[PDB]
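Only one structure is covered here, and it is reproduced in the block below.
Methodologically, a virtual Cβ is constructed for each residue, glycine included, from the backbone with ideal geometry; neighbour enumeration extends over all protein chains shown. Basis: the model, the stated rules and, where named, an outside source; nothing here is a laboratory result.
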Amino acid sequence: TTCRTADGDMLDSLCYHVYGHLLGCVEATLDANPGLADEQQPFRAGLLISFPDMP
Amino acid sequence: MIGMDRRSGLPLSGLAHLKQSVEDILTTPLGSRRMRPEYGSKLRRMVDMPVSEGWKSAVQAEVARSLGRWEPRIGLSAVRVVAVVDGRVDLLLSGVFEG
Amino acid sequence: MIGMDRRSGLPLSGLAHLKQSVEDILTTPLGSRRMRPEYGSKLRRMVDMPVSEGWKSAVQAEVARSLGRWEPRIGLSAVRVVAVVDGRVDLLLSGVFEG
Amino acid sequence: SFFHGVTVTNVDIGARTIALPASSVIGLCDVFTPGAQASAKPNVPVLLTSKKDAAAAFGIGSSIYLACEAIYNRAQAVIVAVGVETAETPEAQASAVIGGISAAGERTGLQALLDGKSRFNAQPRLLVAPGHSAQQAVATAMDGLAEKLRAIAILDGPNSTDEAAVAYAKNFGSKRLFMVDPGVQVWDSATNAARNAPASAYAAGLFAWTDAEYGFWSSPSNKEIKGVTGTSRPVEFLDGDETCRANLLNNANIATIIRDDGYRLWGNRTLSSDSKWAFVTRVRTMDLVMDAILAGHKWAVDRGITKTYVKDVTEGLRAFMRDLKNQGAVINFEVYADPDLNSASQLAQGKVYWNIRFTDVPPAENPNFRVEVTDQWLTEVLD
Amino acid sequence: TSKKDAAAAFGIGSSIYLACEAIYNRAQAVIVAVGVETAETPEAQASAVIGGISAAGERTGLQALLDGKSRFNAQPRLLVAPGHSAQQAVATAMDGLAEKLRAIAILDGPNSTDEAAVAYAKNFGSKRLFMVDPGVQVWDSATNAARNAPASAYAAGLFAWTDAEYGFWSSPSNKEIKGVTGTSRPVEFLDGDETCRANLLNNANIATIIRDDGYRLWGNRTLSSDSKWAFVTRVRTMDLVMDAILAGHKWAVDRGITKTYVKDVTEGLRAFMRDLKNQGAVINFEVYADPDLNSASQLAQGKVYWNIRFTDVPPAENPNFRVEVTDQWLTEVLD
Amino acid sequence: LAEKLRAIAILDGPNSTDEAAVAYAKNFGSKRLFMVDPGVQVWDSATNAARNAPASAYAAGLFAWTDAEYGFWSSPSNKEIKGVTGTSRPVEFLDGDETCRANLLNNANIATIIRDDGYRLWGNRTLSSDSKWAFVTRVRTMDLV
Amino acid sequence: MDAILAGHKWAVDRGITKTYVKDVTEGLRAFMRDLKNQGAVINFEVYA
Amino acid sequence: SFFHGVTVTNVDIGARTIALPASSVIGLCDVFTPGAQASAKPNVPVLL
């Protein structure tokens, strides 16, 4: 379920609209994403985050 | 309860700690806090909504909600819309003092 | 209920279908329809009858009869004789609207 | 004997109903390349109601399909697109968007939007020429066109600094102009990179979405633009400071896109010198109730002024404003026949006057709060 | 009557369609256009606009507008010859034409400096002349550049728009011009300064186009010598309430002076001015049969006199405010 | 003849331009003359095409219909003409512009036929010089009482 | 003095009717009444 | 017949609203060294 960010979107805001809660849902997104943490926290205009299923 | 002041770092407990928490809540939006998307108020989303009698039912709710959630040491008295000047809506918020 | 207009063939349901049925009934006589000798009104037979207080008891009945038989979607309010001008009898027929 | 028989008359003294003209038709005019894939002639209007219809009429990759993509990604409305052909100089491109008239006696550029009501029964309420409205020739020809249609022409200023955007907005002063200055930086699916959009078709996707979701009396000045992913020359509005960079633009009657990459339109002040017509809410509801009455009272042009005629126009006029009061469009109204202007000499010429006084619901652009500590309930803790 | 009708009768490239385009972009009104063929020299073009009468016995130039009521039943109230009114020969011919039609002949001065505009506006002195000096810089769709328009047809669109929007008693001296994308030789109007460059032209009875790239007409004074007929609004309403009385009383030319005739012309004249008072055109009025001029010798010749006194609505060209900080309510802070 | 019968003689002008329609109506000036200028284009059953009708008999169809439907005090100047399928030299009446081409003829005491495919009569003024007898309703009710 | 000058540029050719002097003062009292409960002035008197 | 049809007019006779000109813009003028790090010219105003 890969989604594309915008240039000011942030990680905990995005996966709260997708999942509905943030307990164990942000660091699992950083886990199943290669090089996402290396990228700066204010995301670039066209990075791809693949949100995993069953948080 | 003893907290620190927002500016200048001073430890104040009763007077300005109750004021730096309420006056922050009315202008802090939802989702601005990190890992806390339910802290804040919908008052930043009440901008440019039409000023109706159903709009005041929402603002008097969202004042009672967003302060009722995260500020239990404040008893809200009255949120009365007292003036509509140039689109600016004057809402009087008289709060009680505790501690 | 959806019917067609009498002139121009247009499909109209509420407003003029309720009017093209009542205004037709008051001037259609009995026996003019084919194999339906009970459709119509006695109002064409009420011509040149003497205008008495027993005559209005018949016309307010025949309006309530001929519309009560074949037009159940119209509630009759009042059939008041309001003017006798030159033998012409002005009967006001205010009907409710349904649908 | 006048007539001998049964007479069944129809007096026909009922108060009619008044409908609104759908408030969301968007007049579009931008460049497109005509050819085999473009099913539209380069000067005629084309009615559009879906994104598939916009690509089947003007082709994918046109500058007017990219404007229809910005509207249909956010809203779902009816677009009266004109479409012009590409000129050599960019100056001659501005001559084609303005248009004028042709040698066959037909309108060419933006003037073809005046044919939107006589050909499709949909008068355009949002006049959008994306990219070309930064030129003052096109924006001042769309300003005179917005008064012919009672429409709100959504301009967009140049993508230069805020000094050049304020100095551009100091030329117009007319209440039917809505300027959205900072350019939208959107992601291009073809080149797989971020391209710059004029941020004028995206505003049209908000005026057409808020009328179908919140009503035409609700300003689009806090609503999300879903398609964008950037903003060239990004504006500053931090929390509550009256001296922000975006607030100095809303002070100069310029709408902005405030937040991170501009996922919130910001501004409900049209480019009006009179502070009465300053809000886009008051301009839009006025032009909607002045066309519902105009196009809805063509049954009463030779009826004859009887006592049941004036009363059944007024009661058919209160019933239109009372269907707007509980809907939330107005606060309260007052519809009455004018006691002074209905004189004996005005009625003898066929003139009869009605006054419709109402109050628009203003947009809460500044909810002011006044918080205070007291000592009145300090004596409450005693028992 | 429409922009599609002007191109079909004159063509797109014509200089008279560009004057209809200047009017139809701002307003939507009737235009009695004459049209002339392009002469050789610019001097001989002025003799074709003035015209006169032909050898066939027909009015040719500006005089053909006097045929505007005999043929169309629409007498012109705004007289505009765009670009040619900057010459003194044409503008003097249009002034004598403006009294024959009871019209307001909208002039336009030269696009030179302001000394050449005051020296041009000092030649006329007639209450039916309206001058707009600085030339409109407008977009040309034939050469794809910003050309200099004569700025006389653009003021004519403003006079035709305020009658449909605010009424004929409203000056267009704050309304906006649409097609204008700039003004050649931009005039100065900064804040409130009474010695601005555009205010010194309104003091010389010349209207201007003031603001940033020209979006406001500025000036409601005509080129009159009397200070009575200074405002364009007063001349426009007077020529409208005098042509309505003249054309509206052609039933009373052989009715016989009875008591129910003098009383029922006045009651038809008081009701006409009463319908102008609550419409907003006049402030108050006084219509009465003349007591002294209706003598028994004048009535026995058929002459019968009526007086119609009224006041127009003057345009508030200078709303003054007088602010002062006092100490009168300073003792109100005691309770 | 219309004064000998106290009637309303319904005229029809030429099908030429509006300069020739006003210049024809400037000859009459009497209150018992009603002029309908644009000629009706009507479908024919003989030639099987659209023929040009004088549009004067179609106006009298409305004077006879409004007296039976709405009464003799009601003007026929907004009611529909049924048999038509167009109008020679179509006049302009868009929404509310007071300088439209159809309004410039009603100002000259000429009735017109306005809408798309010409299905409305427009104009209640008769060709009268007096402002009293200008409405064709008032001349009709005065001759009936 | 600079809010009145910049806020009354709509009224420079409106024509002096009775609904104009009444409705400039009504917007001029409301400017001072919204400046009085705000606390900037103590009391005022706006009149033609 | 002045106009045969329906007119819908906006009379535009209401009072207006007056706003203050923000009271807090600070005009500044002091010396500096123009160069590469300074993105201004030594006589033009710069909005800060």
Note on the range B:19-43: residues more than 11 Å from the chain's Cα centre (by Cα) and of a type outside the set (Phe, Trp, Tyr) are B:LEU30, B:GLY31, B:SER32, B:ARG33, B:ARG34, B:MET35, B:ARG36, B:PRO37, B:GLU38
Of all residues in the range E:209-236 being among the hydroxyl-bearing types (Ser, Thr, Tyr) and over 10 Å from the mean Cα position of the chain (by Cα), which is nearest to E:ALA98 (Cα to Cα)?
-> E:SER224
Collect the residues in the range E:4-21 that are over 15 Å from E:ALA142 (Cβ atoms) and surrounded by fewer than 20 Cβ atoms within 10 Å (Cβ to Cβ), keeping them in residue-number order.
-> E:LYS4, E:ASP5, E:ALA8, E:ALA9
The correct count of residues that are free of Cβ contacts under 8 Å to residues at least 60 places away in the same chain, among the polar types (S, T, N, Q) and at the interface with another protein chain (Cβ under 9 Å from one of its Cβ atoms) in the range F:67-113 is 6
Any residue in the range B:3-25 that is in contact with a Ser or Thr (Cβ under 8 Å, 6 or more places away or on another chain) and within 21 Å of D:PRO367 (Cα to Cα)?
-> yes
Examine the range B:17-24 for a residue that is closer than 28 Å to A:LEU11 by Cα and free of Cβ contacts under 8 Å to residues at least 12 places away in the same chain, and state whether such a residue exists.
-> yes
If you take the residues in the range A:1-16 that are over 10 Å from the mean Cα position of the chain (by Cα) and within 12 Å of chain D (Cβ to nearest Cβ), which one is nearest to B:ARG33 (Cα to Cα)?
-> A:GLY8
Odd one out for E:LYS127, checked against (1) outside any strand (DSSP E or B); (2) farther than 30 Å from F:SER16 by Cβ; (3) within 14 Å of chain D (Cβ to nearest Cβ) | (3)
For the range D:302-383, please list each of the strands (runs of 3 or more DSSP E) lying entirely inside it that holds at least 2 residues being among the hydrophobic types (A, V, I, L, M, F, W, C) and either more than 9 Å from every other protein chain (Cβ to nearest Cβ) or under 25 Å from the mean Cα position of the chain (by Cα) (or both).
-> D:330-337, D:354-360
Which ones in the range C:35-47 are hydroxyl-bearing (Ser, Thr, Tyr) and either loosely packed, with under 10 Cβ neighbours inside 10 Å or within 14 Å of another protein chain (Cβ to nearest Cβ) (or both)?
-> C:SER41
Count of the range D:154-194 residues which are over 18 Å from E:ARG211 (Cα atoms) and either touching a helix residue (DSSP H, G or I) at 6+ places or on another chain (Cβ under 7 Å) or not assigned by CATH to the domain that holds D:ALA255 (or both) | 11
Residue tally, condition of a type outside the set (A, V, I, L, M, F, W, C) and more than 10 Å from every other protein chain (Cβ to nearest Cβ), over the range E:10-58 | 16
Return the only residue of D:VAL8, D:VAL80, D:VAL46, D:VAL25 being farther than 16 Å from D:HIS132 by Cα and outside the structural domain of D:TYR202 (by CATH).
-> D:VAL8
Would a scan of the range D:356-364 turn up a residue that is surrounded by 13 or more Cβ atoms within 10 Å (Cβ to Cβ), touching an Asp or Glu at 6+ places or on another chain (Cβ under 6 Å) and not hydroxyl-bearing (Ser, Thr, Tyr)?
-> yes
Can you name the number of the only condition in (1) among the hydrophobic types (A, V, I, L, M, F, W, C); (2) surrounded by fewer than 21 Cβ atoms within 10 Å (Cβ to Cβ); (3) farther than 30 Å from E:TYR154 by Cα; (4) touching a residue at least 24 places away in the same chain (Cβ under 8 Å) that D:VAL166 fails?
-> (3)
Does the range D:287-297 contain any residue that is crowded, with 18+ Cβ neighbours inside 10 Å, in a loop (DSSP other than H, G, I, E, B) and among the charged types (D, E, K, R)?
-> no
What about E:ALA146, is it assigned by CATH to the domain that holds E:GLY125, more than 15 Å from E:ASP108 (Cα to Cα) and in a helix (DSSP H, G or I)?
-> no
Reported set for the range D:100-124 where residues are touching a helix residue (DSSP H, G or I) at 6+ places or on another chain (Cβ under 8 Å) and in a helix (DSSP H, G or I) is D:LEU110, D:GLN111, D:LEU113, D:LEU114
Number of the exception - H:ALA36 against (1) within 30 Å of F:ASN106 (Cβ to Cβ); (2) loosely packed, with under 11 Cβ neighbours inside 10 Å = (1)
For the range E:62-71, indicate whether the set of residues that are in contact with a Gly (Cβ under 8 Å, 6 or more places away or on another chain) and among the hydroxyl-bearing types (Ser, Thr, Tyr) is non-empty.
-> no
Residue count, the range E:149-165 (criterion: touching a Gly at 6+ places or on another chain (Cβ under 8 Å) and within 14 Å of chain D (Cβ to nearest Cβ)) | 2
Every residue from the range E:68-99 that is in a helix (DSSP H, G or I) and crowded, with 17+ Cβ neighbours inside 10 Å | E:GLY68, E:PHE72, E:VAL90, E:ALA91, E:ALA93, E:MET94, E:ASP95, E:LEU97, E:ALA98
Would you pick out the residues in the range B:48-73 that are surrounded by fewer than 18 Cβ atoms within 10 Å (Cβ to Cβ) and either touching a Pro at 6+ places or on another chain (Cβ under 9 Å) or aliphatic (A, V, I, L, M) (or both)?
-> B:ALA58, B:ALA61, B:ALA64
May I ask you to verify whether F:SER30 is closer than 26 Å to F:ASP130 by Cα, free of Cβ contacts under 8 Å to residues at least 60 places away in the same chain and among the hydroxyl-bearing types (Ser, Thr, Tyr)?
-> no
Check the range D:221-231 and report whether any residue there is without any contact (Cβ under 8 Å) to a residue 12 or more places away in the chain and charged (D, E, K, R).
-> no
Filtering the range C:40-74 down to residues that are basic (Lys, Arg) and either touching a residue at least 24 places away in the same chain (Cβ under 8 Å) or part of a helix (DSSP H, G or I) (or both) yields C:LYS42, C:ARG44, C:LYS56, C:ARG65, C:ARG69, C:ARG73
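So that you can scan it fast, the table gives a plain yes or no per residue for (1) out of contact with any strand residue (DSSP E or B) (no Cβ under 8 Å at 6 or more places or on another chain); (2) within 30 Å of F:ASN107 (Cβ to Cβ):
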site	(1), (2)
E:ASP243	yes, yes
E:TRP251	yes, yes
E:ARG274	no, yes
E:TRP306	no, yes
E:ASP327	yes, no
